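Student: Residue numbers (the entry's author numbering), protein chains in the order written: chain AL15, 5 to 150; chain AL20, 2 to 118; chain AL04, 109 to 207; chain AL35, 2 to 64. All C-beta atoms, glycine included, are put in the ideal place defined by N, C-alpha and C. The structure follows.
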Amino acid sequence: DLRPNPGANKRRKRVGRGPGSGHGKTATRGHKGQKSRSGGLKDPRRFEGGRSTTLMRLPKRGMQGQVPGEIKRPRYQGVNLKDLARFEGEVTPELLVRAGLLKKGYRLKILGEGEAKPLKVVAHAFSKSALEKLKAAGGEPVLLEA
Amino acid sequence: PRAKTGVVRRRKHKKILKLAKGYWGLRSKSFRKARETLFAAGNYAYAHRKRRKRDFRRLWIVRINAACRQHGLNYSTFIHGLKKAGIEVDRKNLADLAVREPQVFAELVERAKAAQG
Amino acid sequence: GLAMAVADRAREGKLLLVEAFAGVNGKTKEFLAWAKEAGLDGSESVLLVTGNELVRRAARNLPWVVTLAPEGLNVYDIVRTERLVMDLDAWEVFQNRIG
Amino acid sequence: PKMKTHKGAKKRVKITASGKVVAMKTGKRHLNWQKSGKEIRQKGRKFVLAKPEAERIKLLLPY
RNA sequence: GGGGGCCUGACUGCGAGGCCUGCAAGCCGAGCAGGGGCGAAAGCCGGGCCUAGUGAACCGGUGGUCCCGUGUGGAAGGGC
RNA sequence: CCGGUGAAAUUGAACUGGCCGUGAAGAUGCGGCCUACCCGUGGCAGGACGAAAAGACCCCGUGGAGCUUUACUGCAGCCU
RNA sequence: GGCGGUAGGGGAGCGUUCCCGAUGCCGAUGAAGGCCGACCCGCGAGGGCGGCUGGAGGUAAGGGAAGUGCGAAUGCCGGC
RNA sequence: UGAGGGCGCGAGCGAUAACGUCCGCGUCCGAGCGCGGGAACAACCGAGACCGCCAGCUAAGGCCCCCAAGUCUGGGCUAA
RNA sequence: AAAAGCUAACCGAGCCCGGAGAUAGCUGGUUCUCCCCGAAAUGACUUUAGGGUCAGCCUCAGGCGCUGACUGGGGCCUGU
RNA sequence: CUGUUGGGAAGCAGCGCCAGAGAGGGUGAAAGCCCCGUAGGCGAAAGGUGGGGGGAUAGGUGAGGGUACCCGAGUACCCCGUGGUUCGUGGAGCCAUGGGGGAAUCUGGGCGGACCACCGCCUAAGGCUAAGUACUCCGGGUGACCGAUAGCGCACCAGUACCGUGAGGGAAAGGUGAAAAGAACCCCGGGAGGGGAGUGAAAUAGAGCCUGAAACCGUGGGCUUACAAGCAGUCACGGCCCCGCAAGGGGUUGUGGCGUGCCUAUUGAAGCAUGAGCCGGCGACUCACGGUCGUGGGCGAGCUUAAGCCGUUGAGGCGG
RNA sequence: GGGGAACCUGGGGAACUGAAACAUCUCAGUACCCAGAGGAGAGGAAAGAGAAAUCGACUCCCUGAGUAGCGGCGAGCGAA
RNA sequence: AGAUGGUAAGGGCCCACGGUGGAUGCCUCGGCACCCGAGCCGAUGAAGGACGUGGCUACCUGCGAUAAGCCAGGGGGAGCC
Ligand SMILES: [Mg+2]
Ligand SMILES: [Mg+2]
Ligand SMILES: [Mg+2]
Ligand SMILES: [Mg+2]
Ligand SMILES: [Mg+2]
Ligand SMILES: [Mg+2]
Ligand SMILES: [Mg+2]
Ligand SMILES: [Mg+2]
Ligand SMILES: [Mg+2]
Ligand SMILES: [Mg+2]
Ligand SMILES: [Mg+2]
Ligand SMILES: [Mg+2]
Ligand SMILES: [Mg+2]
Ligand SMILES: [Mg+2]
Ligand SMILES: [Mg+2]
Ligand SMILES: [Mg+2]
Ligand SMILES: [Mg+2]
Ligand SMILES: [Mg+2]
Ligand SMILES: [Mg+2]
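Structural data, given as structure tokens:
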């Protein structure tokens with residue numbers, strides 16, 4: 005293809021809205037008409053009316069914070085073995101991040117659904133009702149400790 | 002990339018002048034006056050192009066009425082016979098044969114006094 | 109996008125890898141005869157790639173031939189020019205990109 | 002720039018896993034001088050809503 | 001509706017399906033388990049013949065709770 | 001009246017009659033009817049709801065500002 | 001079969017300024033702009049054509065970026 | 001968008017006044033101040049206007065003149 | 001020497017520069033063309049009544065396909 | 001280089017040349033090769049710089065055992081007010097402290113979010129320290145930045161004229177021609193201003209001298225108007241003058257038909273509700289970041305970078 | 001010793017505004033006043049961080065991160 | 001009896017020709033921003049300014065009682081005040 009004639013496809017050009025005209029868009033600039041319109045209508049999300057919002061809900065969802073804030077206990081993240089059959093061997097968190105899971109959430113636990121290739125998976129924990137689902141396969145050593 | 006007005010705003014005011022030709026005083030040289038009286042025209046011309054028939058629709062009848070009453074009968078009594086004769090011809094204009102040879106129309110009259118009396 | 113355009117000249121044949129040069133040194137005259145003995149008669153435009161800063165000189169003043177280092181194969185200039193030329197010194201990085 | 006979440010809504014609401022929004026039920030720490038023991042049950046359980054949840058969704062969004 | 005007896009179902013854990021209705025609410029409710037009251041049993045009991053007699057949310061007191069509790073162990077505060 | 005010099009507010013545009021009705025209902029401007037050669041000049045002020053400073057009047061604004069107080073909170077100062 | 005239409009919604013287009021298209025092309029045998037016209041294309045906003053003036057820049061087809069299209073705001077500048 | 005308005009009707013207020021108001025049904029103006037009758041007359045009557053034509057059928061309403069259409073036929077009525 | 005008078009021609013708080021493009025639920029303006037559809041002035045809440053959130057009524061795109069308005073027949077509810 | 005239009009050639013045609021230089025600007029119009037210059041290369045007696053190299057100097061260079069010496073004072077620490085850290089007294093630490101109480105020398109002293117025990121980090125109350133970082137009066141390069149109402153207020157004798165005592169406010173205004181070659185001279189006339197001749201390619205480029213619109217003023221010509229009631233127009237016919245070929249077309253209007261200016265707010269207009277004397281220009285939904293929906297393209301259990309690092313200078317690649 | 005367009009450190013330090021009123025809060029230690037340091041300024045060699053019997057002076061960009069947290073827990077504020 | 005032109009003081013409509021006025025189009029010793037560089041000056045008197053200075057000089061510019069300027073070195077080579 006030469007330099008010109010490489011136009012776009014279709015359904016993609018901008019032609020944005022130009023509401024300063026005389027029969028295209030209206031002489032009130034689109035979504036305006038009544039009044040109280042030049043700056044803003046406050047935030048139509050959490051507010052407006054001036055009644056009581058809908059913040060009238062109760063926030064029991066506790067442990068809403070202290071002072072030093074969060075605390076460093078490790079995030080246990082699980083992983084469904086459905087695609088653990090994509091590979092095989094002494095699979096370790098070391099590469100499970102390289103595959104496309106965990107992502108330094110760290111502390112890998114295995115669980116899930118499906119046939120498991122008797123592939124000996126080393127991790128930090130295993131779901132019981134899946135561990136016998138592994139017991140009919142191979143071997144599963146545990147993490148270091150805590 | 003600035004894009005001043007320039008050509009655009011003038012040429013338009015020249016077109017309104019172009020249609021405001023012969024309009025009294027400021028109504029043809031002052032722009033936003035010429036804009037106005039053009040609004041009424043296109044409206045005045047609209048309605049009247051709907052009206053020009055009713056004008057002639059009326060005129061024809063009087064001439065017709067002028068003719069029938071020169072035989073001795075009214076327009077109301079004239080038309081019925083023609084209609085009784087079932088003659089979807091008479092375009093109320095084409096009944097202008099009162100100075101376009103009359104016997105052609107004078108003997109349309111007697112073909113009316115038939116089917117009614 | 110780098111690949112697509114290269115085959116576009118291959119798909120039309122408008123391609124050439126080179127390696128031999130009567131103009132391995134600096135002279136615009138020491139090139140246009142090379143083009144004569146290769147097939148570029150000033151009819152249509154050309155992009156050129158080489159890792160030698162001498163040949164560039166030998167054509168940096170060529171209106172229908174724009175310089176290009178082996179790296180920034182800008183798809184602009186590729187599609188810009190109506191024909192393409194490149195070298196192995198390119199066809200190892202273009203390969204190390206994809207190949 | 003960089004929209005600020007609404008911690009006054011985080012502490013109150015939890016975003017589901019089908020996009021729905023669910024809050025604890027209202028009316029359980031004031032009116033309880035003995036009224037319907039029935040009521041102290043369908044108010045200790047979470048409930049979902051309708052239109053206004055999208056008014057809430059947009060108050061979160063990075064979370 | 002007027003009397004007498006025995007009782008505490010003015011229970012707990014749920015709760016299908018629905019009236020009204022913009023939201024929040026408000027309102028009725030069969031069915032099951034734990035345990036109990038009455039009645040010989042069928043059965044009834046999740047307040048009063050009903051429709052009014054009430055207050056989102058924020059903040060804080062009191063009693064329990066396998067909870068969280070900052071390097072760790074108690075503690076302080078928080079959470080249900 | 002003649003010679004010389006020569007502004008202003010106002011102004012959408014005008015070829016600007018009266019009367020009796022209509023009409024958000026005070027019509028040169030709509031309907032009907034009557035009157036009226038074109039154009040000035042001197043003057044009078046009934047109309048053009050006349051020019052408004054955004055009426056000197058009343059009301060509104062979760063406006064302003066001055067003043068008052070055993071309205072609220074703070075401060076100087078004063079006692080302690 | 002439908003096509004009156006305000007707020008409002010969707011779709012489609014015309015014009016201006018600039019960039020790729022360009023070391024390209026049109027331009028002294030006259031460009032942009034300004035006076036015309038009863039010619040032609042388009043329903044359109046617009047694009048071409050003949051004449052006059054002017055005297056040096058202007059840029060197609062397809063893409064891109066906008067300080068982008070005026071009839072009013074007792075809008076502002078200037079002129080009358 | 002959340003000020004509506006008119007008319008017919010069923011109520012309340014009002015004086016079985018208000019071209020006054022608050023409701024319900026429906027209609028129309030607003031958005032149909034675009035056409036025809038109502039002299040004039042936004043919502044009373046007819047009738048939804050995409051454009052053109054010097055073509056025909058009609059509704060309301062009208063047929064002596066402005067004003068298009070019977071001084072139409074028969075039968076009564078009234079002398080203001 | 002007291003009117004709230006005067007403080008550089010308008011003093012219930014001087015003038016200038018700045019915060020500064022303060023704020024304004026208020027007024028007014030909001031610019032080119034053509035096609036299709038096409039409303040609302042209702043209800044609830046609101047220091048709420050010119051404003052604002054939700055439902056209602058509108059437009060567009062996708063997934064549904066006789067259900068939809070209206071009528072006829074059968075049943076039921078109604079207490080002017 | 002020549003030839004040919006052209007007042008003028010860089011244009012057009014032919015024949016060539018350079019190229020590490022074909023980026024630009026100027027020359028009577030559009031030049032790679034007429035001019036300055038660009039590619040590339042050389043360069044200062046003097047001042048400065050120094051950030052790269054080198055010399056010198058400042059400074060610095062061992063361990064084991066014992067000793068019972070010293071390790072930064074109203075300081076540490078505690079309380080009463082307080083500020084900073086996201087900490088609005090909150091469970092409220094830590095850092096600094098205005099007031100008050102007031103230590104110790106490694107058998108010591110602070111900290112790890114009240115407090116205590118252990119465990120771990122630190123050794124305060126003396127000071128100094130380049131680099132990496134912000135800015136643009138200045139210089140350079142660059143621009144999908146403007147082009148005389150724009151761009152800062154000033155392209156120009158502008159922070160001027162002008163206003164105000166004063167701080168302070170603060171404009172308007174560019175364009176002959178390539179060359180002044182700028183009108184000798186004659187005539188009207190007091191001059192100004194004009195006629196002619198002349199220069200000039202052009203004076204219809206005349207010194208507010210490129211283009212010259214619109215409002216506004218006037219002269220000439222075609223149509224009309226002194227029995228007529230008017231948002232000033234529309235429709236029809238005739239009439240007058242003009243263009244044109246049949247036929248048709250332009251401009252005007254006498255008569256007849258109808259005809260309640262525009263915008264805005266209003267339920268509501270023709271309106272006695274807002275606004276505009278007119279004209280011409282400036283003037284009003286863009287941008288940044290995050291996010292919901294839609295769509296176009298890339299990959300697809302994956303998808304993707306940010307700061308930054310190498311390189312021509314309108315090239316990209318790494319960077320997980 | 002004074003000047004220097006902005007940049008930098010310290011001493012003081014608002015209110016409009018937001019909260020659709022408004023006092024805690026925000027705007028913000030911003031704008032403004034003062035003193036001073038130069039081509040940069042400030043900071044700068046742990047009585048540090050923070051959980052590993054680990055990092056190692058200080059500044060600067062990215063991410064962490066609108067996380068943890070702060071809040072008439074309301075607007076909204078905002079680390080390491 | 002009747003019918004009918006017929007004059008324009010002036011106006012309106014239009015075409016032509018100009019006057020003011022300056023938009024639009026073209027040009028730019030001007031500014032706007034980005035990146036780099038560079039970054040202080042003064043008691044040896046600074047930044048800024050007053051007055052003067054020329055053969056004649058009104059303003060600008062430069063300069064300073066030696067005054068549109070002095071001295072030495074370096075660049076350059078036909079004009080200059
Ligand atoms: Mg636009
Ligand atoms: Mg519309
Ligand atoms: Mg407003
Ligand atoms: Mg609300
Ligand atoms: Mg499992
Ligand atoms: Mg007819
Ligand atoms: Mg006849
Ligand atoms: Mg009058
Ligand atoms: Mg008061
Ligand atoms: Mg242009
Ligand atoms: Mg009528
Ligand atoms: Mg139809
Ligand atoms: Mg008749
Ligand atoms: Mg006073
Ligand atoms: Mg010739
Ligand atoms: Mg200017
Ligand atoms: Mg000005
Ligand atoms: Mg204008
Ligand atoms: Mg300097």
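Since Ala-41 (chain AL20) is in the alpha helix (DSSP H), which residue starts that stretch and which ends it?
Tutor: The count along the second sequence starts at 1 and reaches residue 41 (chain AL20) at position 40. First-last of the alpha helix (DSSP H) with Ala-41 (chain AL20): 32–72.
Student: Under the DSSP definition of a beta bridge, which residues are partnered with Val-126 (chain AL04)?
Tutor: For the purposes of this step, residue 126 (chain AL04) is identified with residue 18 of the third sequence, where counting begins at 1. BP columns for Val-126 (chain AL04) point to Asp-195 (chain AL04).
Student: Measure from the C-beta of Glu-190 (chain AL04) to each C-beta in chain AL15 and report whether the shortest distance is under 8 Å.
Tutor: If you number the third sequence from 1, residue 190 (chain AL04) lands on position 82. Answer yes: the Cβ-Cβ gap between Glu-190 (chain AL04) and chain AL15 drops below 8 Å somewhere.
Student: Taking Cβ-Cβ distances below 9 Å as the criterion, which residues of the stretch 63–81 of chain AL15 are in contact with chain AL35?
Tutor: Hits within the stretch, in order: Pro-63, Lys-64, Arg-65, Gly-66, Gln-68 and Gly-69.
Student: Taking all protein chains shown into account, decide if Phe-57 (chain AL20) is buried (16 or more other Cβ within 10 angstroms of its Cβ) or exposed.
Tutor: Taking the second sequence and counting its residues from 1, one reaches residue 57 (chain AL20) at position 56. With fewer than 16 other Cβ atoms within 10 Å, it is exposed.
Student: Quick one: what's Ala-129 (chain AL15) bridged to in DSSP?
Tutor: Residue 129 (chain AL15) sits at position 125 when you count from the first residue of the first sequence. For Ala-129 (chain AL15), which the question treats as bridged, DSSP gives the partners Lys-113 (chain AL15).
Student: Of all the residues that make up the stretch 111–129 of chain AL04, which are near chain AL15 by a beta-carbon distance shorter than 9 Å?
Tutor: Here the close residues are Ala-113 and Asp-116.
Student: For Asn-182 (chain AL04) and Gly-159 (chain AL04), I'd like the C-alpha separation in whole angstroms.
Tutor: Translated into the one-based positions of the third sequence, residue 182 (chain AL04) becomes position 74. Translated into the one-based positions of the third sequence, residue 159 (chain AL04) becomes position 51. C-alpha separation (whole angstroms): 16 Å.
Student: Ordered along the chain, which non-local residues of its own chain (more than five positions away) have a Cβ less than 6 Å from that of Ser-56 (chain AL15)?
Tutor: For the purposes of this step, residue 56 (chain AL15) is taken as the residue at position 52 of the first sequence. If we look at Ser-56 (chain AL15) and ignore the five residues flanking it on each side, it has no Cβ neighbours.
Student: Would you report the Cα separation of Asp-47 (chain AL15) and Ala-24 (chain AL35), rounded to the nearest angstrom?
Tutor: Working through the first sequence from its first residue, we reach residue 47 (chain AL15) at position 43. Working through the fourth sequence from its first residue, we reach residue 24 (chain AL35) at position 23. The alpha-carbon atoms of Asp-47 (chain AL15) and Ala-24 (chain AL35) are separated by roughly 22 Å.
Student: For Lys-122 (chain AL04) versus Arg-191 (chain AL04), is the C-beta distance shorter than 8 Å?
Tutor: Stepping through the third sequence from its first residue, residue 122 (chain AL04) is reached at position 14. Stepping through the third sequence from its first residue, residue 191 (chain AL04) is reached at position 83. Cβ atoms of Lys-122 (chain AL04) and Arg-191 (chain AL04): closer than 8 Å.
Student: Skipping 5 residues on each side, what residues in its chain have a beta carbon closer than 7 Å to that of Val-173 (chain AL04)?
Tutor: Here residue 173 (chain AL04) refers to the residue found at position 65 when the third sequence is read from its first residue. Cβ neighbours of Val-173 (chain AL04) beyond the five flanking positions: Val-154, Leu-156 and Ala-167.
Student: Kindly confirm or deny that the stretch 83–98 of chain AL15 and the stretch 42–54 of chain AL35 touch, where touching means at least three C-beta pairs closer than 8 Å.
Tutor: Not touching, per the Cβ criterion.
Student: What in chain AL15 is Cβ-close to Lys-59 (chain AL35), meaning under 7 Å?
Tutor: On the fourth sequence, residue 59 (chain AL35) is found 58 positions in, with the first residue counted as 1. By Cβ distance, chain AL15 contributes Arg-49.
Student: Rounded to whole angstroms, what's the CA-CA distance from residue 210 (chain AL04) to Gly-28 (chain AL15)? Just pull it up for me.
Tutor: Residue coverage of chain AL04 in this structure runs from 109 to 207, which leaves residue 210 (chain AL04) outside it and unanswerable.
Student: Thinking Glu-144 (chain AL15) and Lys-124 (chain AL15) are a contact (beta carbons under 8 Å), I'd like their distance in whole angstroms, please.
Tutor: Counted from its first residue, the first sequence places residue 144 (chain AL15) at position 140. Counted from its first residue, the first sequence places residue 124 (chain AL15) at position 120. So it is a contact: roughly 6 Å between Cβ atoms.
Student: Interface residues of chain AL15 around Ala-18 (chain AL35) at Cβ under 8 Å?
Tutor: Within the fourth sequence, residue 18 (chain AL35) is the residue found at index 17, counting from 1. By Cβ distance, chain AL15 contributes nothing, its closest Cβ being about 15 Å from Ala-18 (chain AL35), past 8 Å.
Student: Answer yes or no: does any C-beta atom of chain AL04 fall closer than 8 Å to that of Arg-7 (chain AL15)?
Tutor: Residue numbering aside, residue 7 (chain AL15) sits at position 3 when the first sequence is read from its first letter. By this cut-off, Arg-7 (chain AL15) is an interface position.
Student: Less than 8 Å between CB atoms is the rule here; does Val-187 (chain AL04) satisfy it with respect to chain AL15?
Tutor: Locating residue 187 (chain AL04) in the third sequence gives position 79, counting from the first residue. True, the Cβ-Cβ gap to chain AL15 drops below 8 Å.
Student: Could you check the C-alpha separation between residue 152 (chain AL15) and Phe-32 (chain AL20) for me, to the nearest Å?
Tutor: One cannot answer for residue 152 (chain AL15) here, as it falls past the ends of chain AL15, which runs 5 to 150.
Student: If you measure from each CB to the nearest heavy atom of ligand 6 and keep those under 6 Å, what residues do you get, in chain order?
Tutor: For ligand 6, the selected residues are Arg-58 (chain AL20) and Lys-93 (chain AL20).
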